[PDB]
Amino acid sequence: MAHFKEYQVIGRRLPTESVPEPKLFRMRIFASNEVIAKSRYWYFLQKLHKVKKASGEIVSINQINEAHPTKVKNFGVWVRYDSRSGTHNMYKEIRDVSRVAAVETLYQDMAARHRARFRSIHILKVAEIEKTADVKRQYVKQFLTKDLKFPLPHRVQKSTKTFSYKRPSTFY
Amino acid sequence: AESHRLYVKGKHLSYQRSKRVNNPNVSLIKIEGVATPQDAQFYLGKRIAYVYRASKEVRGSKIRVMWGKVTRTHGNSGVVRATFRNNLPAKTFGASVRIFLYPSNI
Amino acid sequence: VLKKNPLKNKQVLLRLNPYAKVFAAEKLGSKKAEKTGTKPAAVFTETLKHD
Amino acid sequence: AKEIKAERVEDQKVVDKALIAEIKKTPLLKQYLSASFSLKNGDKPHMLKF
Amino acid sequence: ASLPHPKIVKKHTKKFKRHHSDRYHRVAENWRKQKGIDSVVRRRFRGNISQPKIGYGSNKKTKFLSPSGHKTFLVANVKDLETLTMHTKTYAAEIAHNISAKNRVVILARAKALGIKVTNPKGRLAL
Amino acid sequence: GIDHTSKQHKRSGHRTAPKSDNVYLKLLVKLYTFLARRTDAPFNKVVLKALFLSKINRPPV
Amino acid sequence: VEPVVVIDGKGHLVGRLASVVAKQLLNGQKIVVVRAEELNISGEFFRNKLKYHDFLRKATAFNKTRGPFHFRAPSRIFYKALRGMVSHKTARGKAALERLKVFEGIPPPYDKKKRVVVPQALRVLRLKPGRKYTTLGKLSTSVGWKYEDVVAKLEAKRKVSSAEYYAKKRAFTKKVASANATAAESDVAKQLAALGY
RNA sequence: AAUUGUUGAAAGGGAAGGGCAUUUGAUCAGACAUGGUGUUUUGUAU
RNA sequence: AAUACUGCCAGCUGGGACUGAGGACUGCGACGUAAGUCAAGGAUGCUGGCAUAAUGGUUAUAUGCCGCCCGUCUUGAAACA
RNA sequence: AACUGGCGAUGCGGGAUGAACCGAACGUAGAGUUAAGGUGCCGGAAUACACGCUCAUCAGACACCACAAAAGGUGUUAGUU
RNA sequence: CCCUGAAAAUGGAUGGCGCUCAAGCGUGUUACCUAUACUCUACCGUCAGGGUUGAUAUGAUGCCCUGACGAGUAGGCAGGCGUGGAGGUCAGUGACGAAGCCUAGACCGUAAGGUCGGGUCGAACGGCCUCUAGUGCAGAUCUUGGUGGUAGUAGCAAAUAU
RNA sequence: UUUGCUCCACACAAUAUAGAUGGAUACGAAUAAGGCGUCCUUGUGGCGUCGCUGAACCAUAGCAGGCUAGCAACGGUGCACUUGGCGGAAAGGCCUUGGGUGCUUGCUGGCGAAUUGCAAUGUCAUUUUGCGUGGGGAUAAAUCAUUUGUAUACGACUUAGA
């Protein structure tokens, strides 16, 4: 499900004759489509409030596009995750163009670093880091220097045939 | 000219098979120079002759032939499926078949 | 004897659906909607965009 | 166990009289028709425009 | 010539030989159903012989039909040959195996006059 | 394979023909099968279905 | 495209070369492997020497002369990689093993013929720079190959015998790359460039 | 019939035998070569 | 304003594969003022070769893949039952 | 022992292999599409793409299942104060 | 994640080869492979629903249409094939060759089996309808008879010796 | 051994092909580096250029490729002669001097092709033998039987004998 989109899902309780007009809870949900987005919304709303899907009602679901989805921005993501020996909170910075692409990068990375699937990850917050000199991870801080300049040494080239004839080079 | 080839060479790889079951009714042909199914779509419907040699003559020729045609692609690497009038003998797993340019669409 | 598919085989599609000739002539599957300039409210827009 | 018609030869001639008079008006096309097509080594008919 | 018939499909041209018929000489060529509790033939394992099922039954229009397109009728004399005079386009006469050589020529001459196709005209030819 | 809600290839459990080799009874079946098919009255259906009946199902009257 | 290509074994990972080699034999292509003593295996030299000693321990208990034959030549180590990758117990795989020759160095008549490489089986284009790799000549000498020195001697003779060939090949290439430019800037040259040659 | 001898055919790298499919070799039936869009019987049924 | 994505078309069109079952008509429909025609309750038209071992069959062999030795007792058999 | 599903009685695709597991239940053929499982080669199918982790002088590689624990490591990678 | 912990006896097991920005691990997007599964079509059978007689189809448990199904041990039922004999019938076949037997020779039947051709043979035997039974064999450490591999093998070596 | 055997050449027949259908088209080394060209007060040098796939390069037009008249030349490419080498890793091939001869599409011509009838690989290759033409070359061993015992169950080994 890492062709993610970001949705806002708004929901509330069922309106009763004693208490109509409920509190209209809204949250941002990263999911591949609206069915998972409404499922993850009722998941976290059961983690917060005494309401379920039968006792509640989806009032709105809207796909959130970024206002500037083509601007490189640092994303400080607060995330909890369930491990094999407990639960931990952690906080990772992801430098991406999109809030959705940062969540895609974190889901790939958390599965790579801690074997944490989509099942055992709850994204607490995705905050855009507004400035620099406030990121506190060196793997993001190294890309925020003046006049960034690095090569990609040792290029492998894709071969369209089994046999080559030139003893291929690796320069780039 | 020293080249009189109107066909393109292809290799009869194997039968259309599972891991432990093969189906000799339709065969797999790897056409030379073809690497994608998008470029293998040109070759569907084209005639395939397996041209081989027997020892005695039948109709004034020691050359005999099995006729077939490409039915569909098979995989992501330009291997195509071929259905023959009489199936390939399974001793030709790696022999050269001839994919002619007829029936053409140019 | 033999089942013929509609949505191909237009004679079978015209044996059924007497409106299919009118649908094909008037292009009712590709009809242009009316142009309007309704703007969404600011309260919906800032709720969608905040945080 | 096991002859070209004189009418076949003469209508072939009067077709050829009209056809040659425009073949020669463009360069090298007469040499192209007298040659024969063949697939070489390395050329692929799925990408060779004819 | 016969009346036109559908294209004949035998649907299993191979003989249904018995299991282990070539392994043991006491096991005959004719088909017996394997009724053992552990037989791979009865259990229909992959790679074993096929048993006669009703799926292999031939078409009704092409049943009992020779490759010449005829139903064979085993005749024995001229009186049996009169029953195929008006049915020449379906039934081909077949001379019985116990008919003498002097009695085969009179039926062959009668069937050639009546236009009845004989499937075995070369039987017991004196030369 | 399908979920077999009932028994497939189950016979109807009723007689479609008399078990007898009585030629005169089969003539009466032949006449009343024609009458049951070609008349809308259900009398010919009941008489035909009772003509099928066995000796223990045709008691003396 | 070719009745027989000759594959250089220099700078090749053994299993990555042998797999695309084994597919080529079973697709009816004759191929010859030369310089199998310069084949590479990923991993440390002690890792692969201990790996071969684990294989060398496997022999039939009651009679060692009918057991697994632990061949110590780099050509036959590579041949052991092909077996298993080919269905060698059937007649198709026996024919596939018939169409394949694996050699130490470059023997004649393959010295004077074009050696090809497999670029997606090369050690350079497949291993991350910094990994440890084992050349097959050093590994085979440690496990019992007796001919590292003579293959190195014959390759030293073949390298200078081919260097003088390339010296006159540069001389002819210099002459033909001067002659085509001398024949350039003409009507036939600019027209052939217009069509695309 | 088991089993054996001779001849002929075929195959054979720790079995053979079998099924699906085809090659190759050997061997085997069918059309239509139908009274058939008729065509003067050499003192009128090819 | 485009474009991406999702969706719709009783949109057009190209290439391939396999199938041709039924055997007078009926029925539904379409186009045509009618007459009739038709992609409309299942394939016809044209052309070529051979007319026999050509195709097909049998049989043997080879090859690719599969295939444990049957009967029985058994929860379980290829069993070192 | 309880509910249920299977094997017995059941072949087929997969799990290399197996009565039970996964898929799926079986007339005979053809065509297409998938399931479970896979796509380096054996072996049909991408040595595809993307993000990372690991270098093991007994690595690891798919559930049933054919094994591994406590503990420890400025080995390395993330993270919490 | 990797390492130490982590030691079993034939040689050895991610299935094998091998694999190190993997062909390992975690994850994700697709593309592709193919089961007797699903769809469509044909054919077979079964089951169900039907249709078919004011002169017309060999006269109806027939023919035809429509639809759904089709695994199977123990078991049950049904439709058939075959053998010995009997009552009819074919004014059946046969010394111009019956029955038998052989036939990598054909044809029909899903099959049980039937039919034909060739060879041998020498005296009786079939088709159909029906009746009857000492009626179908691969097994029973089955019975009787015969023949093999073993195998030209073991053995024919006590009693002094020719 | 019905004048045996082998090798050059040719016709003819088989059986036999793990699979010709333009071309194996040759540096080595490194990849966090190289190749090529040029220059120098010759290096682990300077400068320029290239790669980012062989989708390249060579070859490639002609009754499956005929006949033939020329045009500017001195090339190209077979087939043989011949000057000499090189190559022992399985060398058995590569390179070169010169002559002869066929073709030449580098350019301009002329004739021919059909009826294989709308396609049927529409046959041209690569191995080995077996009968004959017409030239060359050579003119024996082994086994058994006898014998030895450096050997030995028997074979084998090891001897000897015109």
# chains A, B, ... in the order shown; residues from 1 in each chain; ligands from 1
>>> select_by_dssp(residues="chain G", states="strand (DSSP E or B)", output="ChimeraX atom specification")
/G:4-8,12-13,30-34,40-42,83,86,100-102,115-117,122,129,131,133-135
>>> residues_around(residues="stretch 6-8 of chain L", least_positions_apart="6", cutoff="10 Å", atoms="only C-alpha atoms (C1' of nucleotides)", output="list in words")
residues 135, 136, 137 and 138 of chain L
>>> select_by_dssp(residues="stretch 32-93 of chain E", states="helix (DSSP H, G or I)", output="PyMOL selection string")
chain E and resi 54-56+78-84
>>> write_last_selection(atoms="N, CA, C and O atoms", output="short mmCIF file (atom, residue, chain, number, x, y, z; two decimals), in the first residue's frame")
data_model
loop_
_atom_site.label_atom_id
_atom_site.label_comp_id
_atom_site.auth_asym_id
_atom_site.auth_seq_id
_atom_site.Cartn_x
_atom_site.Cartn_y
_atom_site.Cartn_z
N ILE E 54 -17.14 -42.14 -19.60
CA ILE E 54 -18.17 -41.76 -20.56
C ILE E 54 -17.85 -40.46 -21.27
O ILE E 54 -18.49 -40.13 -22.27
N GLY E 55 -16.85 -39.71 -20.79
CA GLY E 55 -16.40 -38.53 -21.51
C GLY E 55 -15.79 -38.85 -22.86
O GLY E 55 -15.88 -38.05 -23.79
N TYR E 56 -15.17 -40.03 -22.99
CA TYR E 56 -14.56 -40.46 -24.24
C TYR E 56 -15.57 -41.02 -25.23
O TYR E 56 -15.15 -41.50 -26.29
N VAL E 78 -27.47 -63.65 -50.04
CA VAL E 78 -28.13 -62.67 -50.89
C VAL E 78 -29.40 -62.15 -50.22
O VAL E 78 -29.78 -60.99 -50.43
N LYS E 79 -30.06 -62.98 -49.41
CA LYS E 79 -31.27 -62.56 -48.70
C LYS E 79 -30.96 -61.47 -47.68
O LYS E 79 -31.77 -60.55 -47.47
N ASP E 80 -29.81 -61.56 -47.01
CA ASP E 80 -29.37 -60.48 -46.15
C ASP E 80 -28.95 -59.25 -46.95
O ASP E 80 -29.03 -58.13 -46.45
N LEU E 81 -28.51 -59.45 -48.19
CA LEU E 81 -28.07 -58.34 -49.03
C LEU E 81 -29.24 -57.54 -49.59
O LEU E 81 -29.04 -56.38 -49.98
N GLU E 82 -30.44 -58.12 -49.66
CA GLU E 82 -31.60 -57.38 -50.15
C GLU E 82 -32.05 -56.30 -49.17
O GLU E 82 -32.74 -55.36 -49.59
N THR E 83 -31.69 -56.42 -47.90
CA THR E 83 -32.09 -55.45 -46.89
C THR E 83 -31.29 -54.16 -46.94
O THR E 83 -31.64 -53.20 -46.24
N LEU E 84 -30.22 -54.10 -47.73
CA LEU E 84 -29.42 -52.89 -47.89
C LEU E 84 -29.53 -52.30 -49.28
O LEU E 84 -28.69 -51.49 -49.68
#
>>> closest_atom_pairs(of="chain G", to="chain H", cutoff="12 Å", atoms="only C-alpha atoms (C1' of nucleotides)", output="Markdown table")
| residue | atom | partner | partner_atom | distance |
| --- | --- | --- | --- | --- |
| G:89 | CA | H:13 | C1' | 10.7 |
| G:90 | CA | H:13 | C1' | 11.5 |
| G:91 | CA | H:13 | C1' | 11.2 |
| G:94 | CA | H:13 | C1' | 11.5 |
>>> closest_atom_pairs(of="chain I", to="chain G", cutoff="12 Å", atoms="only C-alpha atoms (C1' of nucleotides)", output="tab-separated table")
residue	atom	partner	partner_atom	distance
I:62	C1'	G:91	CA	10.2
I:63	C1'	G:91	CA	7.9
I:64	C1'	G:92	CA	8.3
I:65	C1'	G:90	CA	11.2
>>> closest_residue(among="G:86, G:13, G:125, G:20", to="chain L", atoms="only C-alpha atoms (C1' of nucleotides)")
G:125
>>> interface_residues(of="chain A", to="chain C", cutoff="9 Å", atoms="only C-alpha atoms", output="list in words")
residues 8, 62, 64, 66, 67, 126 and 127 of chain A
